[PDB]
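Protein sequences appear in the order of chains A and B. In terms of the deposited numbering, the first sequence is residues 1039 to 1087. In terms of the deposited numbering, the second sequence is residues 1039 to 1087.
Protein chains: 2
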Amino acid sequence: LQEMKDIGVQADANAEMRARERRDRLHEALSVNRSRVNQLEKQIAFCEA
Amino acid sequence: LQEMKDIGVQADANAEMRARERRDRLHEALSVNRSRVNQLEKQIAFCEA
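Have a look at this one:
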């Protein structure tokens, strides 16, 4: 129980599913935003050249 | 010790230091590799054109 106080995380079953859903949708959104950025930078680099 | 084998990690302090050092040298080398590839790609696209 002291180890639980040291890590300082509530980790409720409801909180766990909610946390993974938000961070997983965020991981895919980051990958999509970064892919758009890379695509637009390649197009812009081609336009410059 | 069974829990330590269920999480599947050796967890030795001397190995922890050696592992982090080897990974950090590789992370630094990879960052340099990406940068080199980006400038040489610019050179390639420009010189070919």
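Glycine included, each C-beta is placed from N, C-alpha and C at the ideal position.
Extent of the continuous alpha helix (DSSP H) to which residue i belongs
{"i": "residue 1070 of chain A", "result": "1051–1086"}
{"i": "residue 1040 of chain A", "result": "1040–1045"}
Beta carbon of residue i nearer than 8 Å to that of residue j
{"i": "residue 1055 of chain B", "j": "residue 1049 of chain B", "result": "no"}
{"i": "residue 1087 of chain A", "j": "residue 1053 of chain B", "result": "no"}
Alpha-carbon to alpha-carbon, residue j and residue i
{"i": "residue 1064 of chain B", "j": "residue 1057 of chain B", "result": "11 Å"}
{"i": "residue 1066 of chain A", "j": "residue 1078 of chain B", "result": "30 Å"}
{"i": "residue 1085 of chain A", "j": "residue 1075 of chain B", "result": "20 Å"}
{"i": "residue 1040 of chain B", "j": "residue 1069 of chain A", "result": "37 Å"}
{"i": "residue 1133 of chain B", "j": "residue 1047 of chain B", "result": "With chain B running from 1039 to 1087 in the structure shown, residue 1133 of chain B is simply not present."}
{"i": "residue 1051 of chain B", "j": "residue 1060 of chain B", "result": "15 Å"}
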